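S.K.: This is protein_32.cif (mmCIF, N, CA and C atoms).
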data_upload
loop_
_atom_site.label_atom_id
_atom_site.label_comp_id
_atom_site.auth_asym_id
_atom_site.auth_seq_id
_atom_site.Cartn_x
_atom_site.Cartn_y
_atom_site.Cartn_z
N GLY B 1 -4.07 11.22 22.65
CA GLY B 1 -3.32 9.97 22.56
C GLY B 1 -3.33 9.38 21.17
N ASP B 2 -3.08 8.07 21.10
CA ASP B 2 -3.02 7.36 19.83
C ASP B 2 -4.44 7.10 19.30
N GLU B 3 -4.56 6.98 17.98
CA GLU B 3 -5.82 6.56 17.35
C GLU B 3 -5.56 5.25 16.65
N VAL B 4 -6.35 4.23 16.96
CA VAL B 4 -6.08 2.89 16.44
C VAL B 4 -7.28 2.22 15.78
N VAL B 5 -6.97 1.27 14.90
CA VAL B 5 -7.98 0.51 14.18
C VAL B 5 -7.64 -0.96 14.34
N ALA B 6 -8.65 -1.79 14.59
CA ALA B 6 -8.44 -3.22 14.65
C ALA B 6 -8.80 -3.84 13.31
N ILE B 7 -7.86 -4.59 12.74
CA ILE B 7 -8.07 -5.27 11.47
C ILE B 7 -8.28 -6.74 11.78
N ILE B 8 -9.45 -7.25 11.45
CA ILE B 8 -9.79 -8.64 11.75
C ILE B 8 -9.91 -9.43 10.45
N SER B 9 -9.12 -10.50 10.33
CA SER B 9 -9.01 -11.28 9.10
C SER B 9 -9.28 -12.75 9.35
N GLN B 10 -9.69 -13.44 8.29
CA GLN B 10 -9.81 -14.89 8.33
C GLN B 10 -9.15 -15.40 7.04
N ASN B 11 -8.14 -16.26 7.21
CA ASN B 11 -7.29 -16.71 6.10
C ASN B 11 -6.70 -15.55 5.29
N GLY B 12 -6.33 -14.50 6.01
CA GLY B 12 -5.73 -13.31 5.42
C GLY B 12 -6.70 -12.34 4.80
N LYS B 13 -7.95 -12.77 4.67
CA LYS B 13 -8.95 -11.90 4.06
C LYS B 13 -9.66 -11.07 5.12
N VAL B 14 -9.69 -9.76 4.93
CA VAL B 14 -10.22 -8.87 5.98
C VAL B 14 -11.74 -8.95 6.06
N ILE B 15 -12.23 -9.17 7.28
CA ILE B 15 -13.66 -9.27 7.55
C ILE B 15 -14.17 -7.92 8.06
N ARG B 16 -13.42 -7.29 8.96
CA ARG B 16 -13.81 -5.97 9.49
C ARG B 16 -12.58 -5.15 9.73
N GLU B 17 -12.68 -3.84 9.48
CA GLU B 17 -11.69 -2.89 10.02
C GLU B 17 -12.46 -1.98 10.95
N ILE B 18 -12.09 -1.98 12.23
CA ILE B 18 -12.89 -1.34 13.26
C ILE B 18 -12.08 -0.29 14.01
N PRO B 19 -12.37 0.98 13.75
CA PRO B 19 -11.70 2.05 14.50
C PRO B 19 -12.14 1.97 15.96
N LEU B 20 -11.18 1.85 16.88
CA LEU B 20 -11.51 1.58 18.27
C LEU B 20 -11.58 2.86 19.04
N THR B 21 -10.85 3.87 18.59
CA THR B 21 -10.73 5.08 19.37
C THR B 21 -12.03 5.90 19.28
N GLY B 22 -12.67 6.08 20.43
CA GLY B 22 -13.98 6.71 20.49
C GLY B 22 -15.13 5.73 20.43
N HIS B 23 -14.83 4.45 20.25
CA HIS B 23 -15.90 3.47 20.27
C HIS B 23 -16.46 3.25 21.67
N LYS B 24 -17.79 3.28 21.79
CA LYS B 24 -18.42 2.99 23.08
C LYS B 24 -19.57 2.03 22.88
N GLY B 25 -19.79 1.18 23.88
CA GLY B 25 -20.79 0.14 23.78
C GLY B 25 -20.12 -1.19 23.50
N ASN B 26 -20.95 -2.21 23.31
CA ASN B 26 -20.48 -3.57 23.12
C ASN B 26 -21.03 -4.10 21.81
N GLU B 27 -20.15 -4.67 21.01
CA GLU B 27 -20.56 -5.31 19.79
C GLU B 27 -19.94 -6.68 19.74
N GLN B 28 -20.74 -7.67 19.35
CA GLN B 28 -20.21 -9.00 19.15
C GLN B 28 -20.53 -9.47 17.75
N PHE B 29 -19.57 -10.16 17.13
CA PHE B 29 -19.85 -10.78 15.84
C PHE B 29 -19.12 -12.10 15.76
N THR B 30 -19.68 -13.05 15.02
CA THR B 30 -19.06 -14.37 14.90
C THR B 30 -18.43 -14.58 13.53
N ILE B 31 -17.18 -15.03 13.54
CA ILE B 31 -16.51 -15.46 12.33
C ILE B 31 -16.70 -16.95 12.21
N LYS B 32 -17.37 -17.36 11.15
CA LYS B 32 -17.64 -18.78 10.97
C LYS B 32 -16.70 -19.40 9.99
N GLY B 33 -16.12 -20.50 10.40
CA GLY B 33 -15.20 -21.15 9.54
C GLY B 33 -15.82 -22.32 8.87
N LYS B 34 -14.91 -23.11 8.33
CA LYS B 34 -15.22 -24.40 7.84
C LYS B 34 -15.74 -25.25 9.00
N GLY B 35 -16.61 -26.15 8.62
CA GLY B 35 -17.13 -27.12 9.56
C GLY B 35 -17.91 -26.39 10.63
N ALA B 36 -17.54 -26.64 11.87
CA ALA B 36 -18.21 -26.03 13.01
C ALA B 36 -17.30 -24.99 13.68
N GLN B 37 -16.18 -24.66 13.05
CA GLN B 37 -15.27 -23.69 13.63
C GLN B 37 -15.93 -22.32 13.76
N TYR B 38 -15.78 -21.70 14.92
CA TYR B 38 -16.22 -20.33 15.07
C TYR B 38 -15.32 -19.56 16.02
N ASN B 39 -15.38 -18.23 15.91
CA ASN B 39 -14.78 -17.33 16.89
C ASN B 39 -15.76 -16.22 17.14
N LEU B 40 -16.13 -16.06 18.40
CA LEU B 40 -17.02 -14.98 18.81
C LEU B 40 -16.16 -13.79 19.20
N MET B 41 -16.18 -12.76 18.37
CA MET B 41 -15.40 -11.55 18.58
C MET B 41 -16.21 -10.56 19.39
N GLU B 42 -15.52 -9.79 20.22
CA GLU B 42 -16.18 -8.82 21.07
C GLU B 42 -15.38 -7.54 21.08
N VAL B 43 -16.06 -6.43 20.79
CA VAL B 43 -15.48 -5.12 20.96
C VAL B 43 -16.26 -4.46 22.08
N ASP B 44 -15.55 -4.04 23.12
CA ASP B 44 -16.19 -3.37 24.24
C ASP B 44 -15.42 -2.09 24.49
N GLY B 45 -16.06 -0.94 24.30
CA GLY B 45 -15.34 0.31 24.37
C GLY B 45 -14.22 0.26 23.35
N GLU B 46 -13.00 0.58 23.79
CA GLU B 46 -11.87 0.67 22.87
C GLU B 46 -11.02 -0.59 22.84
N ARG B 47 -11.57 -1.70 23.32
CA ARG B 47 -10.81 -2.96 23.40
C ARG B 47 -11.48 -4.05 22.58
N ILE B 48 -10.69 -5.02 22.15
CA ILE B 48 -11.22 -6.14 21.39
C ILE B 48 -10.65 -7.45 21.92
N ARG B 49 -11.45 -8.52 21.86
CA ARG B 49 -10.95 -9.85 22.20
C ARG B 49 -11.70 -10.90 21.43
N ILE B 50 -11.15 -12.11 21.42
CA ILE B 50 -11.96 -13.28 21.12
C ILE B 50 -12.62 -13.69 22.42
N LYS B 51 -13.94 -13.52 22.50
CA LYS B 51 -14.66 -13.84 23.72
C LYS B 51 -14.70 -15.34 23.96
N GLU B 52 -14.93 -16.09 22.89
CA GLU B 52 -15.11 -17.52 23.01
C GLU B 52 -14.90 -18.13 21.65
N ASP B 53 -14.36 -19.34 21.63
CA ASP B 53 -14.23 -20.08 20.37
C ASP B 53 -14.08 -21.55 20.67
N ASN B 54 -14.22 -22.39 19.64
CA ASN B 54 -14.02 -23.82 19.80
C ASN B 54 -12.70 -24.32 19.23
N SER B 55 -11.72 -23.43 19.18
CA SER B 55 -10.39 -23.85 18.75
C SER B 55 -9.83 -24.89 19.71
N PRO B 56 -9.01 -25.80 19.17
CA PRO B 56 -8.43 -26.81 20.06
C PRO B 56 -7.43 -26.24 21.06
N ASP B 57 -6.78 -25.12 20.73
CA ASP B 57 -5.65 -24.63 21.53
C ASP B 57 -6.00 -23.47 22.45
N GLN B 58 -7.07 -22.74 22.10
CA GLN B 58 -7.51 -21.60 22.93
C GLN B 58 -6.47 -20.47 23.12
N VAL B 59 -5.47 -20.42 22.26
CA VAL B 59 -4.41 -19.45 22.42
C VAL B 59 -4.92 -18.02 22.26
N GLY B 60 -5.77 -17.80 21.26
CA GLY B 60 -6.27 -16.45 21.02
C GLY B 60 -7.18 -15.98 22.14
N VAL B 61 -8.05 -16.87 22.60
CA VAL B 61 -8.91 -16.55 23.75
C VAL B 61 -8.07 -16.20 24.99
N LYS B 62 -6.99 -16.95 25.21
CA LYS B 62 -6.16 -16.72 26.38
C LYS B 62 -5.36 -15.42 26.30
N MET B 63 -5.15 -14.93 25.08
CA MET B 63 -4.50 -13.63 24.93
C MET B 63 -5.38 -12.48 25.49
N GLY B 64 -6.70 -12.66 25.50
CA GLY B 64 -7.59 -11.70 26.14
C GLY B 64 -7.71 -10.38 25.40
N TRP B 65 -7.99 -9.33 26.14
CA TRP B 65 -8.25 -8.03 25.56
C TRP B 65 -7.02 -7.34 25.00
N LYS B 66 -7.20 -6.69 23.85
CA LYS B 66 -6.13 -5.92 23.22
C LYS B 66 -6.65 -4.54 22.84
N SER B 67 -5.77 -3.55 22.84
CA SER B 67 -6.22 -2.19 22.58
C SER B 67 -5.15 -1.24 22.05
N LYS B 68 -3.90 -1.69 22.06
CA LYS B 68 -2.79 -0.82 21.69
C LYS B 68 -2.20 -1.10 20.32
N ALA B 69 -1.67 -0.07 19.68
CA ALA B 69 -0.92 -0.24 18.43
C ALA B 69 0.13 -1.31 18.60
N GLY B 70 0.15 -2.26 17.67
CA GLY B 70 1.09 -3.36 17.70
C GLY B 70 0.55 -4.61 18.35
N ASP B 71 -0.56 -4.49 19.07
CA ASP B 71 -1.20 -5.67 19.66
C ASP B 71 -1.75 -6.57 18.58
N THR B 72 -1.69 -7.88 18.83
CA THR B 72 -2.31 -8.87 17.96
C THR B 72 -3.03 -9.93 18.75
N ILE B 73 -3.95 -10.59 18.07
CA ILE B 73 -4.58 -11.81 18.58
C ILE B 73 -4.54 -12.82 17.47
N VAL B 74 -4.20 -14.06 17.78
CA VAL B 74 -4.20 -15.05 16.72
C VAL B 74 -4.92 -16.31 17.15
N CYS B 75 -5.75 -16.83 16.26
CA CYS B 75 -6.32 -18.16 16.43
C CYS B 75 -5.88 -18.93 15.22
N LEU B 76 -4.74 -19.62 15.36
CA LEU B 76 -4.12 -20.27 14.20
C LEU B 76 -4.98 -21.37 13.54
N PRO B 77 -5.55 -22.27 14.34
CA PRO B 77 -6.37 -23.33 13.73
C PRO B 77 -7.53 -22.80 12.90
N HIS B 78 -8.09 -21.66 13.29
CA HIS B 78 -9.20 -21.08 12.52
C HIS B 78 -8.74 -20.01 11.55
N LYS B 79 -7.43 -19.75 11.52
CA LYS B 79 -6.84 -18.77 10.59
C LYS B 79 -7.35 -17.35 10.83
N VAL B 80 -7.66 -17.06 12.08
CA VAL B 80 -8.18 -15.75 12.43
C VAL B 80 -7.07 -14.91 13.01
N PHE B 81 -6.97 -13.67 12.55
CA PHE B 81 -5.93 -12.78 13.04
C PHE B 81 -6.53 -11.41 13.31
N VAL B 82 -6.13 -10.81 14.42
CA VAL B 82 -6.49 -9.44 14.72
C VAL B 82 -5.20 -8.65 14.87
N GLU B 83 -5.10 -7.52 14.16
CA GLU B 83 -3.96 -6.64 14.29
C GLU B 83 -4.49 -5.26 14.62
N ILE B 84 -3.93 -4.62 15.64
CA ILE B 84 -4.26 -3.24 15.95
C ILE B 84 -3.18 -2.32 15.41
N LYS B 85 -3.61 -1.36 14.59
CA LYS B 85 -2.69 -0.45 13.91
C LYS B 85 -2.98 0.99 14.28
N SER B 86 -1.94 1.79 14.43
CA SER B 86 -2.11 3.22 14.61
C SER B 86 -2.50 3.81 13.25
N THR B 87 -3.35 4.82 13.24
CA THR B 87 -3.64 5.52 11.99
C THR B 87 -2.80 6.79 11.89
#
Produce C-alpha cells that represent the structure in this file.

M.R.:
Amino acid sequence: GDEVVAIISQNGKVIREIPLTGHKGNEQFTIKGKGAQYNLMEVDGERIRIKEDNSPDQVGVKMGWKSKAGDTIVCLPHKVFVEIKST
C-alpha cells in the first residue's frame, strides 16, 4: 500500500516528521505554545491525532484520528498543523 509521513508544525515551523507506515506502539508528545497553550499529540500505530488540547474551538481534537495521504489536522488558535504526505 501507500507509505506516509506525518508533518507536524507550529506556526509553520516543523516540530516532527514522523513516518507512520510500520510504526507500532504509542507515542505522545506535547507542543507548547505561548502562555498556557498546549496540544497533546498522539501517534498510535499508523494513526495520529490531537488527543487533547486547551484550544477554545476544539476543531483539531474533533477531527480525530488521521492516517491517509492528504489528511490534515488543524488547531488554528495554537497555529498547529498536521499534514500527512505520501512518500

S.K.: Using all atoms listed in the file, which residues sit within 7 Å of residue 23 (chain B) once same-chain residues fewer than 5 positions away are excluded, as JSON, numbers by chain?

M.R.: {"B": [44, 45, 46]}

S.K.: Taking the file as I've supplied it (selection: the PyMOL selection byres ((chain B and resi 49) around 6)), which residues are included? Please answer as a VMD selection string.

M.R.: chain B and resid 40 to 43 47 to 48 50 to 51 64 to 66

S.K.: Between atom N of residue 55 (chain B) and CA of residue 37 (chain B), what distance in Å does the model show, to one decimal?

M.R.: 6.6 Å

S.K.: Would you pick out the contacts of region 11-15 of chain B at 7 Å or less, using all atoms listed in the file, so that residues sharing its chain but fewer than 4 positions from it are not included, and give the list as a list in words?

M.R.: residues 7, 78, 79, 80 and 81 of chain B

S.K.: Among chain B, which ones does DSSP place in alpha helix (DSSP H), written as a list in words?

M.R.: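 Output for chain B, alpha helix (DSSP H) only: residues 59, 60, 61, 62 and 63 of chain B.
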
S.K.: In terms of the shortest atom-to-atom distance over only N, CA and C atoms, which of B:61, B:21, B:27, B:5 is closest to residue 73 (chain B)?

M.R.: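 Nearest candidate to residue 73 (chain B) out of B:61, B:21, B:27, B:5: B:61.
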
S.K.: Around the point (-14.4, -19.6, 19.5) (coordinates from the file), which residues reach within 5 Å if we count only N, CA and C atoms? Answer as a tab-separated table (two decimals) with N, CA and C atoms, keeping the file's coordinate frame.

M.R.:
chain	number	residue	atom	x	y	z
B	38	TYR	N	-15.78	-21.70	14.92
B	38	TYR	CA	-16.22	-20.33	15.07
B	38	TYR	C	-15.32	-19.56	16.02
B	39	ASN	N	-15.38	-18.23	15.91
B	39	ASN	CA	-14.78	-17.33	16.89
B	39	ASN	C	-15.76	-16.22	17.14
B	40	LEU	N	-16.13	-16.06	18.40
B	40	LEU	CA	-17.02	-14.98	18.81
B	40	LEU	C	-16.16	-13.79	19.20
B	52	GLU	N	-14.93	-16.09	22.89
B	52	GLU	CA	-15.11	-17.52	23.01
B	52	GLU	C	-14.90	-18.13	21.65
B	53	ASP	N	-14.36	-19.34	21.63
B	53	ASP	CA	-14.23	-20.08	20.37
B	53	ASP	C	-14.08	-21.55	20.67
B	54	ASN	N	-14.22	-22.39	19.64
B	54	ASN	CA	-14.02	-23.82	19.80
B	54	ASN	C	-12.70	-24.32	19.23
B	55	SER	N	-11.72	-23.43	19.18
B	55	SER	CA	-10.39	-23.85	18.75
B	55	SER	C	-9.83	-24.89	19.71

S.K.: Which residues are close to residue 71 (chain B), i.e. within 6 Å by all atoms listed in the file, leaving aside same-chain residues fewer than 3 positions away? Reply as a ChimeraX atom specification.

M.R.: /B:67-68,82-84

S.K.: Could I see region 75-86 of chain B restored to N, CA, C and O atoms, set down as a JSON list (two decimals), in the frame of the given file?

M.R.:
[["chain", "number", "residue", "atom", "x", "y", "z"],
["B", 75, "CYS", "N", -5.75, -16.83, 16.26],
["B", 75, "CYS", "CA", -6.32, -18.16, 16.43],
["B", 75, "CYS", "C", -5.88, -18.93, 15.22],
["B", 75, "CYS", "O", -6.51, -18.88, 14.16],
["B", 76, "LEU", "N", -4.74, -19.62, 15.36],
["B", 76, "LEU", "CA", -4.12, -20.27, 14.20],
["B", 76, "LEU", "C", -4.98, -21.37, 13.54],
["B", 76, "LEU", "O", -5.16, -21.38, 12.33],
["B", 77, "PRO", "N", -5.55, -22.27, 14.34],
["B", 77, "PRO", "CA", -6.37, -23.33, 13.73],
["B", 77, "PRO", "C", -7.53, -22.80, 12.90],
["B", 77, "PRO", "O", -7.93, -23.45, 11.92],
["B", 78, "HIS", "N", -8.09, -21.66, 13.29],
["B", 78, "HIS", "CA", -9.20, -21.08, 12.52],
["B", 78, "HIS", "C", -8.74, -20.01, 11.55],
["B", 78, "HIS", "O", -9.57, -19.38, 10.87],
["B", 79, "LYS", "N", -7.43, -19.75, 11.52],
["B", 79, "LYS", "CA", -6.84, -18.77, 10.59],
["B", 79, "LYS", "C", -7.35, -17.35, 10.83],
["B", 79, "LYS", "O", -7.43, -16.52, 9.90],
["B", 80, "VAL", "N", -7.66, -17.06, 12.08],
["B", 80, "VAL", "CA", -8.18, -15.75, 12.43],
["B", 80, "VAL", "C", -7.07, -14.91, 13.01],
["B", 80, "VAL", "O", -6.29, -15.39, 13.86],
["B", 81, "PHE", "N", -6.97, -13.67, 12.55],
["B", 81, "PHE", "CA", -5.93, -12.78, 13.04],
["B", 81, "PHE", "C", -6.53, -11.41, 13.31],
["B", 81, "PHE", "O", -7.32, -10.90, 12.50],
["B", 82, "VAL", "N", -6.13, -10.81, 14.42],
["B", 82, "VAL", "CA", -6.49, -9.44, 14.72],
["B", 82, "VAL", "C", -5.20, -8.65, 14.87],
["B", 82, "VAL", "O", -4.29, -9.06, 15.59],
["B", 83, "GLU", "N", -5.10, -7.52, 14.16],
["B", 83, "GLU", "CA", -3.96, -6.64, 14.29],
["B", 83, "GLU", "C", -4.49, -5.26, 14.62],
["B", 83, "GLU", "O", -5.39, -4.76, 13.94],
["B", 84, "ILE", "N", -3.93, -4.62, 15.64],
["B", 84, "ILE", "CA", -4.26, -3.24, 15.95],
["B", 84, "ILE", "C", -3.18, -2.32, 15.41],
["B", 84, "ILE", "O", -1.98, -2.50, 15.71],
["B", 85, "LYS", "N", -3.61, -1.36, 14.59],
["B", 85, "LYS", "CA", -2.69, -0.45, 13.91],
["B", 85, "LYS", "C", -2.98, 0.99, 14.28],
["B", 85, "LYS", "O", -4.13, 1.38, 14.42],
["B", 86, "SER", "N", -1.94, 1.79, 14.43],
["B", 86, "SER", "CA", -2.11, 3.22, 14.61],
["B", 86, "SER", "C", -2.50, 3.81, 13.25],
["B", 86, "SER", "O", -2.04, 3.34, 12.22]]
